[PDB]
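Step one of this worksheet: look at the structure below.
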Amino acid sequence: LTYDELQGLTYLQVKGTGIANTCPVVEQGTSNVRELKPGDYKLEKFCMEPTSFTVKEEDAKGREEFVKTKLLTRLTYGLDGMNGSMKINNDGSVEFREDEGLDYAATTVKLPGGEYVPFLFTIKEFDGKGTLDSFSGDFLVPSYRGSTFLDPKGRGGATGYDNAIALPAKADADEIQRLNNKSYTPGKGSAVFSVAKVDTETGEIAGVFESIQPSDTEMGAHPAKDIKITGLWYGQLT
Amino acid sequence: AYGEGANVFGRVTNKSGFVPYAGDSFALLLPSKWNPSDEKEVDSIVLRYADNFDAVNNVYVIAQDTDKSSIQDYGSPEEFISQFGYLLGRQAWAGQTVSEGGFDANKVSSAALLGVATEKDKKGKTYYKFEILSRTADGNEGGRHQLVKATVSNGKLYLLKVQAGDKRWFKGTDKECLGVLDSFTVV
Amino acid sequence: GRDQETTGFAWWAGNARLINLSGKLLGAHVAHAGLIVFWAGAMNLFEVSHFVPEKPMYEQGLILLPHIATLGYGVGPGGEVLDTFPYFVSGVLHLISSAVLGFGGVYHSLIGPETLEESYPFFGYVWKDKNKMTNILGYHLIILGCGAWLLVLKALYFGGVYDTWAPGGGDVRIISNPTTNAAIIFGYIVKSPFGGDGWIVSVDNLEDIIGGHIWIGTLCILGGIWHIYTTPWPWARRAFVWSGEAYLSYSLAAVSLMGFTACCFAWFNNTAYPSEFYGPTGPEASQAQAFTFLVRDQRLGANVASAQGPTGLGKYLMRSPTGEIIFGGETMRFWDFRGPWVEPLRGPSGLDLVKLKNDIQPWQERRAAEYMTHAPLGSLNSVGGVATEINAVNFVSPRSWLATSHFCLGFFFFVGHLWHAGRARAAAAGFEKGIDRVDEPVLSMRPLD
Amino acid sequence: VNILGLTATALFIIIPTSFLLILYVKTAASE
Amino acid sequence: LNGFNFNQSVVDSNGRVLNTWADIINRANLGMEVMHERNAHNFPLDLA
Amino acid sequence: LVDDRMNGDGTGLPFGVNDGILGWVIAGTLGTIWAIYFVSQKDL
Amino acid sequence: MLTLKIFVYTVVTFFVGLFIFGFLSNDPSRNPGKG
Amino acid sequence: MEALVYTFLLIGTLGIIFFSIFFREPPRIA
Amino acid sequence: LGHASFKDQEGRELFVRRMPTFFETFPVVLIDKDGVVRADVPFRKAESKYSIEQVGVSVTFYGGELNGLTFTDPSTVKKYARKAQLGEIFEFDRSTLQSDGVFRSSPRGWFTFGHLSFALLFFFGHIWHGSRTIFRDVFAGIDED
Amino acid sequence: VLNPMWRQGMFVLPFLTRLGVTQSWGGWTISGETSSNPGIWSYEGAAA
Amino acid sequence: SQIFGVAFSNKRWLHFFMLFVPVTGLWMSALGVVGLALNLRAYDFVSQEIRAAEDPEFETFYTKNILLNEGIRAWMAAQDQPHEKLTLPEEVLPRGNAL
Amino acid sequence: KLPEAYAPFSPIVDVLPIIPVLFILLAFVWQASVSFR
Ligand code: CLA
Ligand code: CLA
Ligand code: CLA
Ligand code: CLA
Ligand code: CLA
Ligand SMILES: CCCCCCCCCCCCCCCCCC(=O)OC[C@H](CO)OC(=O)CCCCCCCCCCCCCCCCC
Ligand SMILES: CC1=C(/C=C/C(C)=C/C=C/C(C)=C/C=C/C=C(C)/C=C/C=C(C)/C=C/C2=C(C)CCCC2(C)C)C(C)(C)CCC1
Ligand SMILES: CC1=C(/C=C/C(C)=C/C=C/C(C)=C/C=C/C=C(C)/C=C/C=C(C)/C=C/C2=C(C)CCCC2(C)C)C(C)(C)CCC1
Ligand code: OEX
Ligand SMILES: [Cl-]
Ligand SMILES: [Cl-]
Ligand code: NA
């Protein structure tokens with residue numbers, strides 16, 4: 001499915017079909033990659049689509065490996081309409097700047113064992129420095145919940161009681177990380193991108209990516225887990 | 001117990017929804033519906049009036065002593081409102097957050113001004129009137145409106161602030177708040 | 001009339017006394033028809049008496065003027081009122097026709113012939129006469145088809161009907177080329193009633209409206225001719241109960257479903273019930289809130305694709321469970337809404353980001369603001385807003401009034417269908433009075449139940 | 001209260017059940 | 001369609017609003033309002 | 001895409017049939033019940 | 001899921017067909033009275 | 001440990017319901 | 001632990017509003033002598049000017065486990081205000097009985113509950129027994145004639 | 001290894017495990033690995 | 001017997017049950033109100049409250065009810081109890097996001 | 001509002017909706033007249 005006929009369908013022809021979560025796939029073009037015209041480019045309408053979510057799971061026998069997970073949420077995870085700019089140099093050195101757009105999606109997956117793992121699938125503020133074949137970098141990851149969120153017993157960072165008030169004797173005890181302090185400090189995620197199926201006629205590219213980011217920390221609580229995400233990405237130039 | 005007849009077939013006493021009130025050298029049209037309150041939100045409040053259900057809709061004056069001749073001597077309205085940011089209320093968390101959005105880095109509370117006004121009196125005194133949209137991170141009832149009016153008498157900075165809610169702004173209290181604001185007379 | 005000793009039915013069931021009295025039955029029916037036409041005329045004239053030119057028709061508690069205006073009388077581009085003389089003429093014609101029908105009803109109720117069988121065999125009927133029952137059904141089916149074709153004629157050559165989906169805020173447009181495709185017509189019928197499909201309430205264009213009316217008019221005329229020229233088959237005879245109270249029970253179940261459907265039409269549909277005349281729907285007011293809070297915060301220099309809520313989901317924009325972009329907040333539950341003020345901003349991916357940022361229109365922005373300020377939220381005092389709000393605005397939506405009243409009427413008419421289905425079955429069986437006390441069926445059955 | 005509640009619930013089942021089952025078996029034994 | 005709305009029903013000759021038992025119901029109603037779905041709301045008026 | 005779905009919501013899908021075998025088995029089962037009902041006639 | 005959908009669909013249309021043809025199978029003749 | 005108790009009490013009430021429906025004293029016409 | 005006296009930045013003394021009996025949770029506020037609310041532990045903390053970190057409340061102790069000590073850290077000020085909400089501040093050894101944290105009733109309270117419930121049950125018993133005495137002859141039924 | 005099931009007083013799990021039931025619906029296998037797809041014949045499945 | 005599974009067969013016991021049900025219900029409500037006269041509430045479940053304090057991820061309808069009750073108390077105390085002179089500022093009242 | 005010729009007839013139009021409620025109450029008055037016969 002290309003970007004040409006995606007715009008050719010109305011709302012009601014994709015309504016409920018699931019097409020609206022799919023990145024365009026460049027059917028035409030070549031795979032030689034090097035024929036991209038270098039220059040000062042301002043990419044517009046960046047598109048991102050996962051195809052697998054895996055979570056690092058700790059096992060009693062010491063094997064540390066990424067497990068297959070069940071997507072609890074429905075098709076609310078892809079990212080569209082991202083903007084930015086990137087440069088292409090003579091040898092192939094490319095840096096990637098991502099600034100505005102819908103670059104985040106709250107996602108929840110099930111570890112085998114029935115444990116809900118909420119993670120903000122994000123790519124915001126990405127600096128991808130590398131070559132045309134592969135370019136990696138860091139991106140900002142917000143926590144999940146904002147500070148104005150409050151847990152089932154009030155509390156929370158901006159708005160709440162700051163204390164478990166449902167029991168008037170447990171005001172100061174070992175539940176320090178649960179009521180005394182609430183931490184929403186934004187973390188950093190690691191992603192790797194690759195370019196394939198370029199089109200210099202209409203200035204559009206494709207490729208696969210590889211992201212690794214932590215999950216929600218439950219606002220300074222039980223440890224986060226690293227989320228390895230694989231999928232396809234799509235973009236256009238200037 | 002005094003023997004007097006009741007009110008029937010003789011027209012209503014008051015219908016305009018406003019009442020005058022006279023205090024320390026200032027006269028304005030208070031909301032006839034609003035209840036007075038005894039909580040001195042600032043250490044220099046002469047009169048405070050607030051709406052019956054919510055204390056979001058509150059009107060009060062301040063009587064700060066002055067060392068200046070006139071508010072024109074303060075300069076621009078922007079420089080003037082730059083001096084009185086504590087009227088909004090300082091942010092009471094040092095916790096760092098940028099995972100809210102709509103605000104700045106480790107900031108979750110903002111104030112956007114929709115304009116400034118200068119109302120000259122009979123001979124030479126101006127009235128600085130503003131309108132601050134003070135919004136919040138949770139969007140608490142859409143933020144709040146701050147309608148601030150300032151004028152100086154012989155000392156005793158008489159500044160009027162009419163706080164009102166955003167949902168209260170459009171559901172039918174805008175004209176009441178504006179009638180209270182534009183009637184703030186200091187003679 | 002009669003007393004209880006000659007009928008066995010008390011005064012609180014006195015109409016039952018005229019089950020077998022065909023002339024008085026006909027008079028009661030046409031007197032009732034006079035009442036319906038009288039209320040239509042009286043309320044219509046009352047509404048045009050209480051009409052203010054400035055305020056739209058949903059702010060003033062109007063429920064008949066929006067119907068006439070939907071037909072395309074006295075309204076133009078955008079929904080402003082050009083004249084109320086069509087409404088006045090409708091009300092007056094209804095009042096005078098009600099006078100005529102009431103004269104007829106009073107006549108057959110007081111001095112009309114007792115039964116129409118011995119002298120006017122065309123009109124007199126017995127309830128077990130399946131041929132003449134289908135004959136009367138065919139006459140009324142021909143009348144219904146003629147009414148549906150009158151609406152089709154009004155939409156095609158008599159000024160057109162009001163379209164809210166036409167550009168520029170909508171206007172009265174002449175329907176050209178209605179959708180006569182049988183698949184499009186009956187896919188609504190076969191459709192599920194649930195979210196995303198809405199059964200027939202999700203008809204969203206006047207071409208589908210008038211095509212469905214062409215189909216219903218032609219099928220109704222065909223069924224009328226079929227019923228006049230046939231007699232019910234033996235399988236239908238075995239399947240049914242053939243008393244007058246049974247026919248009443250069937251009618252009650254049918255109009256109960258019709259009342260529930262009208263409840264859902266008033267609450268959800270915005271093309272047959274244009275939002276300019278009837279006010280915003282619930283989904284419309286929620287999407288309007290999110291929309292205008294998007295544009296206000298855009299004009300206050302903020303980003304909309306970013307700024308997730310307290311839950312990490314997106315305050316202004318999120319993705320629906322199928323993928324396309326929808327408005328953030330609890331209004332996500334109303335993501336199924338489709339209105340004329342969102343479609344110019346809505347593309348293949350749901351809400352287009354660049355179109356939503358740049359291609360705002362002033363009339364759309366005002367319409368969103370008003371559909372916030374006049375949401376279908378109110379009390380029985382006609383106090384607008386949620387139940388915690390002030391007593392300052394006098395507004396309850398006509399959609400709210402219509403949906404509530406017609407759900408109540410649909411529910412009681414389903415219960416009346418139960419009452420009449422049971423009593424008609426028991427009367428055909430011989431049980432309407434009680435158990436016989438010497439031929440009790442349970443005494444002829446084995447014990448242990 | 002996690003073991004004391006358990007024994008209280010077990011007592012409140014068994015004791016009235018025992019009483020009523022005394023009375024029922026007595027009653028049914030008389031045909 | 002909701003229940004009856006009797007808030008600020010009685011006012012005095014000078015327009016002040018007298019609290020009423022319906023207004024105590026309104027106060028409890030506000031407490032029941034704001035706390036319910038505490039995180040689900042993003043906008044002031046709860047039309048959804 | 002990460003997982004396979006029908007995505008049958010909306011679309012005005014008649015009787016909720018996304019594949020023709022659904023309509024065929026609905027018609028066929030109603031037909032079998034009609035067949036037993038029809039052949040078991042001229043009774044009672 | 002499609003197999004489950006076909007199974008529930010055939011179960012529902014089977015039971016609903018039973019209901020339809022059971023009430024077509026001369027139901028006002030099941031009374032224990034005269035009439 | 002508590003879900004065990006709650007599940008046992010619920011199925012006990014359902015068992016007494018079943019026994020009361022299908023194992024009642026048969027009423028006699030006389 | 002000692003009487004905690006709370007004081008403002010400028011010189012006024014702040015008193016903790018003591019907990020009324022009806023409330024299971026009560027907000028923490030500090031008010032002056034004259035009856036004006038001066039500080040609180042705010043729930044919102046947003047666009048606010050009564051919070052402890054900007055009012056500047058310091059807590060001192062007199063005559064208990066802590067004598068003469070003054071605390072100005074807002075966290076310990078808030079915990080001592082929340083304890084002073086419940087009246088005089090105490091240390092409780094919570095590990096001895098594995099205490100859950102929620103309040104109990106007195107022997108007086110349980111006595112009143114048991115005797116009032118038993119008292120209403122005995123009111124019904126009195127009514128039923130007086131009924132049986134006055135209506136002894138009609139206990140098996142009425143006289144048919 | 002250092003807290004095996006026979007140390008936990010477990011009685012019937014050795015009789016499930018000896019004949020083949022090793023994975024559970026809790027995502028773990030008692031041999032020490034993770035049950036990504038335990039199926040219906042796990043410990044809890046055989047119990048139910 | 002054929003609809004519900006069990007049915008009455010004694011008129012006297014039927015009418016005694018019709019007498020017995022509302023009397024026992026109202027007496028139990030009376031006993032509970034007598035308990036509430038001394039503030040002997042069934043307000044809390046200690047196990048679920050301590051679990052919800054030691055886990056943000058634990059959310060139930062009972063905990064939602066507890067939060068709603070805090071909202072009721074704090075938003076009704078000032079106007080319902082004038083004797084306490086409770087001038088709670090708008091600052092400290094419990095409040096969710098938006099609304 | 002109503003057309004100018006029908007402005008003096010607006011008060012008589014303002015009562016007209018209540019006639020059906022008067023009709024059902026009139027049915028009850030008639031039954032009281034025939035003494036619930
Ligand atoms: C839609 C309402 C309606 C209608 C159309 C009817 C109609 C009828 N009912 Mg009836 N009824 C109703 C409601 C209604 N009822 C209700 C609510 C009750 C419960 C109280 C009853 C209880 C009842 C009983 C017990 C009986 C009837 C009977 C009758 C029939 C003859 C009545 C008669 O001639 O006696 C004479 C009546 C009068 C002399 C008074 C009527 C005077 C006029 C018509 C009143 C209206 C005036 C009108 C404004 C004038 C318009 C003129 C025009 C030019 C504009 C008749 C067809 C009788 C029957 O079944 O026939 C055997 C019978 O005995 N009804
Ligand atoms: C207290 C009794 C009462 C009252 C006051 C009302 C009042 C109303 N009902 Mg109603 N209804 C009631 C009882 C009542 N109902 C009961 C008991 C039921 C069964 C449960 C229903 C079921 C029902 C349904 C199904 C519907 C209404 C609807 C309506 C509204 C419009 C009526 C209408 O136009 O219908 C139509 C009038 C006719 C069919 C008569 C024929 C009129 C002809 C065909 C129209 C000709 C127009 C033509 C195009 C003009 C062009 C002329 C030429 C150039 C061609 C109205 C406010 C409608 C609505 O708005 O939904 C909310 C609607 O669809 N009701
Ligand atoms: C167009 C529909 C229709 C028709 C033609 C009939 C016709 C008939 N019904 Mg009937 N019924 C209906 C609908 C209908 N019913 C509905 C919807 C219900 C509700 C479940 C009932 C319940 C009912 C009962 C219980 C009985 C009948 C009976 C009868 C027979 C005698 C009626 C009579 O004179 O009573 C006299 C009329 C009155 C005494 C006036 C009633 C006054 C009501 C209570 C006031 C309601 C007005 C109020 C504004 C409603 C608001 C509710 C809602 C809109 C918010 C008669 C043949 C009787 C029968 O079985 O005879 C064979 C009988 O026992 N009906
Ligand atoms: C006037 C009667 C009376 C009163 C006022 C008290 C009061 C008190 N007793 Mg006591 N007790 C009593 C009679 C009484 N008792 C009798 C007759 C016995 C012998 C059985 C005991 C044996 C006893 C022991 C062993 C202990 C106490 C203790 C206590 C103290 C702790 C509070 C409490 O009881 O827990 C709370 C009370 C309740 C939760 C009662 C529930 C309220 C009603 C009755 C509900 C039950 C009805 C329902 C049908 C039960 C079904 C439940 C089932 C599913 C399990 C308290 C001051 C404890 C203590 O402090 O040690 C010193 C203690 O350990 N009592
Ligand atoms: C098709 C039904 C079925 C299936 C698939 C299972 C499966 C299982 N059961 Mg089980 N069980 C069943 C029915 C079933 N059961 C029934 C109906 C009962 C009630 C009586 C039980 C009661 C039961 C208990 C109490 C236990 C199990 C246990 C088990 C598990 C391990 C089996 C085991 O311990 O190996 C060993 C099985 C045996 C050693 C049986 C040996 C048979 C003897 C040697 C036969 C000797 C006499 C023979 C007639 C002579 C042979 C003559 C020769 C010449 C042919 C296993 C998952 C165990 C468990 O793991 O706990 C959950 C366990 O404790 N089951
Ligand atoms: C997605 C598709 C499902 C949509 C469902 C609707 C499909 C269209 C059916 C509409 C027919 C209208 C029935 C009205 C008469 C029924 C009363 C009756 O029964 O009256 C009964 C009467 C008694 O003599 O007989 C008769 O009048 C003859 C009965 C006429 C009915 C014709 C049935 C069509 C073919 C039936 C199934 C094809 C059978 C194949 C399966 C068999 C095994 C493989
Ligand atoms: C029988 C009977 C009955 C009754 C029934 C009915 C239902 C009747 C009716 C009737 C009717 C249904 C009537 C109606 C009518 C109408 C009329 C009588 C009219 C008219 C007209 C006019 C005169 C008008 C005028 C005007 C105009 C034109 C417009 C403007 C204004 C005005 C208003 C001026 C009853 C129940 C009691 C009882 C039983 C028996
Ligand atoms: C206008 C229009 C349209 C069209 C429509 C149409 C076309 C309709 C129709 C329709 C139809 C065509 C319908 C049908 C129907 C029917 C029904 C609904 C029925 C029934 C019945 C029953 C339920 C039965 C029962 C039974 C059985 C089951 C067996 C035995 C016997 C008995 C009777 C019991 C549209 C929507 C497009 C659009 C809008 C407008
Ligand atoms: O869910 Mn329970 O509360 Ca009936 O409003 Mn909308 O939704 Mn939700 O918010 Mn408000
Ligand atoms: Cl809640
Ligand atoms: Cl909201
Ligand atoms: Na909220």
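Letters for chains follow the order of the structure tokens (A, B, ...), residue numbers begin at 1 for each chain, and ligand numbers begin at 1 in the order shown.
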- Message: Could you list, as a ChimeraX atom specification, every residue within 12 Å of range 4-13 of chain B, counting only C-alpha atoms and ignoring same-chain residues fewer than 6 positions away?
- Response: /B:19 /E:12-15
Using only C-alpha atoms and all ligand atoms, find each residue of chain E with at least one atom at most 9 Å away from an atom of ligand 9; report its shortest atom-to-atom pair and that distance in Å (one decimal), sort the rows by chain and rising residue number, and return the result as a tab-separated table.
residue	atom	partner	partner_atom_place_in_ligand_line	distance
E:33	CA	ligand 9	10 (Mn)	7.3
E:34	CA	ligand 9	10 (Mn)	8.9
E:36	CA	ligand 9	3 (O)	6.4
E:37	CA	ligand 9	8 (Mn)	6.3
E:40	CA	ligand 9	9 (O)	7.6
E:41	CA	ligand 9	9 (O)	7.5
E:46	CA	ligand 9	10 (Mn)	5.6
E:47	CA	ligand 9	6 (Mn)	6.5
E:48	CA	ligand 9	6 (Mn)	4.4
- Please identify every polymer residue within 12 Å of ligand 5, using only C-alpha atoms and all ligand atoms, and present the set as a ChimeraX atom specification. /J:10-22,40-48
- Write as number ranges by chain the residues around ligand 4, taking 12 Å as the cut-off and counting only C-alpha atoms and all ligand atoms. D: 1-16; H: 5-6, 9; I: 103-119; K: 28, 31-32, 34-35, 40-42
- Item | Residues within 10 Å of ligand 10, counting only C-alpha atoms and all ligand atoms, as JSON, numbers by chain | {"A": [152], "E": [32, 33, 34, 35, 36, 37, 38, 39, 40], "K": [60, 61, 62, 63, 64, 65, 66, 67, 68]}
- Show me which residues sit within 6 Å of ligand 6 when counting only C-alpha atoms and all ligand atoms, and put them as a PyMOL selection string. (chain C and resi 235) or (chain F and resi 23+26-28+31-32+38)
- Task: Compile the contact shell of residue 36 in chain B as a ChimeraX atom specification: residues with an atom at most 9 Å away, counting only C-alpha atoms, same-chain residues fewer than 4 positions apart removed.
- Result: /B:47-52
I need the chain A residues near chain J as a compact mmCIF listing (two decimals) with C-alpha atoms, in the first residue's frame; criterion: at most 8 Å, counting only C-alpha atoms.
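Okay, selection.txt is ready:
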# COMPACT_ATOMS: atom_id res chain seq x y z
CA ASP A 59 14.47 -15.62 34.78
CA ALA A 60 15.51 -17.63 37.83
CA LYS A 61 18.15 -19.57 35.85
CA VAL A 67 10.10 -12.44 25.51
CA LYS A 68 7.12 -12.30 23.19
CA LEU A 111 4.43 -10.63 29.85
CA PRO A 112 3.86 -14.39 29.95
CA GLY A 113 2.51 -14.71 33.48
CA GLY A 114 -0.13 -12.03 33.15
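Among the candidates B:70, B:83, B:99, B:14, the one nearest to chain C when counting only C-alpha atoms is B:99.
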Dump as a Markdown table the rows for residues of chain L within 12 Å of ligand 3: closest atom pair and distance in Å with one decimal, only C-alpha atoms and all ligand atoms counted, ordered by chain and rising residue number.
| residue | atom | partner | partner_atom_place_in_ligand_line | distance |
| --- | --- | --- | --- | --- |
| L:20 | CA | ligand 3 | 49 (C) | 10.5 |
| L:21 | CA | ligand 3 | 49 (C) | 8.3 |
| L:22 | CA | ligand 3 | 49 (C) | 11.8 |
| L:23 | CA | ligand 3 | 40 (C) | 11.1 |
| L:24 | CA | ligand 3 | 40 (C) | 7.4 |
| L:25 | CA | ligand 3 | 40 (C) | 9.1 |
| L:26 | CA | ligand 3 | 40 (C) | 11.2 |
| L:27 | CA | ligand 3 | 40 (C) | 8.7 |
| L:28 | CA | ligand 3 | 39 (C) | 8.2 |
| L:29 | CA | ligand 3 | 39 (C) | 12.0 |
| L:31 | CA | ligand 3 | 39 (C) | 10.2 |
| L:36 | CA | ligand 3 | 39 (C) | 11.3 |
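Shell of residue 17 in chain F at 10 Å, with only C-alpha atoms counted and residues fewer than 6 places along the chain excluded, is residues 191 of chain C; 8, 23, 24 and 26 of chain F; 5, 6 and 9 of chain G.
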Please save N, CA, C and O atoms of the selected residues as a PDB file, in the first residue's frame.
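Contents of selection_26.pdb, as written:
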ATOM      1  N   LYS C 191     -27.874  -4.180   8.849  1.00  0.00           N
ATOM      2  CA  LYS C 191     -26.779  -3.705   9.685  1.00  0.00           C
ATOM      3  C   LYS C 191     -27.027  -3.949  11.167  1.00  0.00           C
ATOM      4  O   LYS C 191     -28.169  -4.004  11.631  1.00  0.00           O
TER       5      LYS C 191
ATOM      6  N   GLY F   8     -13.602  -6.200  11.848  1.00  0.00           N
ATOM      7  CA  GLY F   8     -14.945  -6.178  11.321  1.00  0.00           C
ATOM      8  C   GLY F   8     -15.847  -5.093  11.857  1.00  0.00           C
ATOM      9  O   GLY F   8     -17.002  -4.998  11.429  1.00  0.00           O
ATOM     10  N   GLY F  23     -22.544 -16.202   5.970  1.00  0.00           N
ATOM     11  CA  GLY F  23     -23.868 -16.147   5.392  1.00  0.00           C
ATOM     12  C   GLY F  23     -24.334 -17.498   4.899  1.00  0.00           C
ATOM     13  O   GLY F  23     -25.515 -17.837   5.031  1.00  0.00           O
ATOM     14  N   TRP F  24     -23.415 -18.297   4.350  1.00  0.00           N
ATOM     15  CA  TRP F  24     -23.799 -19.621   3.883  1.00  0.00           C
ATOM     16  C   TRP F  24     -24.221 -20.521   5.035  1.00  0.00           C
ATOM     17  O   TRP F  24     -25.194 -21.264   4.906  1.00  0.00           O
ATOM     18  N   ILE F  26     -25.371 -19.516   7.996  1.00  0.00           N
ATOM     19  CA  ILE F  26     -26.615 -18.984   8.550  1.00  0.00           C
ATOM     20  C   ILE F  26     -27.801 -19.456   7.718  1.00  0.00           C
ATOM     21  O   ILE F  26     -28.779 -20.007   8.245  1.00  0.00           O
TER      22      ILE F  26
ATOM     23  N   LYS G   5     -16.057 -17.593  15.583  1.00  0.00           N
ATOM     24  CA  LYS G   5     -17.168 -16.798  15.069  1.00  0.00           C
ATOM     25  C   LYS G   5     -18.138 -17.655  14.268  1.00  0.00           C
ATOM     26  O   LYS G   5     -19.355 -17.514  14.411  1.00  0.00           O
ATOM     27  N   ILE G   6     -17.622 -18.569  13.447  1.00  0.00           N
ATOM     28  CA  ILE G   6     -18.498 -19.449  12.676  1.00  0.00           C
ATOM     29  C   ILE G   6     -19.248 -20.399  13.603  1.00  0.00           C
ATOM     30  O   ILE G   6     -20.427 -20.705  13.376  1.00  0.00           O
ATOM     31  N   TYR G   9     -21.919 -18.377  15.409  1.00  0.00           N
ATOM     32  CA  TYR G   9     -22.931 -17.989  14.436  1.00  0.00           C
ATOM     33  C   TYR G   9     -23.857 -19.146  14.105  1.00  0.00           C
ATOM     34  O   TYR G   9     -25.078 -18.964  14.055  1.00  0.00           O
TER      35      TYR G   9
END
Considering only C-alpha atoms, return as a PDB file with C-alpha atoms, in the first residue's frame whatever protein or nucleic-acid residues lie within 10 Å of residue 5 in chain F, sequence-local ones (same chain, fewer than 4 positions apart) excluded.
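Saved result, result.pdb, follows:
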ATOM      1  CA  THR A  17     -10.488  -1.520   8.502  1.00  0.00           C
ATOM      2  CA  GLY A  18      -7.214  -1.027  10.382  1.00  0.00           C
ATOM      3  CA  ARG A  74      -5.891  -2.302  20.293  1.00  0.00           C
ATOM      4  CA  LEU A  75      -4.406  -0.553  17.233  1.00  0.00           C
TER       5      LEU A  75
ATOM      6  CA  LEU F   1       1.024  -4.718  12.437  1.00  0.00           C
TER       7      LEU F   1
ATOM      8  CA  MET G   1     -11.329 -16.380  16.213  1.00  0.00           C
ATOM      9  CA  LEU G   2     -12.934 -16.880  12.809  1.00  0.00           C
TER      10      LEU G   2
END
- Near-range 4-7 of chain L list (12 Å; only C-alpha atoms; drop same-chain fewer than 2 positions) as a ChimeraX atom specification: /C:45-46,48-50,84-85,88,92 /L:1-2,9-14
- Message: Taking only C-alpha atoms and all ligand atoms into account, which residues have an atom no farther than 6 Å from ligand 8? I'd like them as a PyMOL selection string.
- Response: (chain C and resi 185+188+200+203+208-209+212-213+215-216+239) or (chain G and resi 20+23-24)
- Item | Surrounding residues of residue 33 in chain I excluding itself and chain neighbours under 2 positions, 12 Å, only C-alpha atoms, as a PyMOL selection string | chain I and resi 7+11-17+30-31+35-38
- Item | In chain F, DSSP helix (DSSP H, G or I) residues written as number ranges by chain | F: 14-16, 20-39
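The space separating CA of residue 197 in chain C from atom 60 (O, counted along the ligand's line) of ligand 2 comes to 20.9 Å.
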- Task: Would you mind listing the residues within 12 Å of ligand 11, counting only C-alpha atoms and all ligand atoms, as a PyMOL selection string?
- Result: (chain B and resi 138-142) or (chain C and resi 285-290+293+309-310+315-316+327-334) or (chain E and resi 33-34+36-48) or (chain K and resi 96-99)
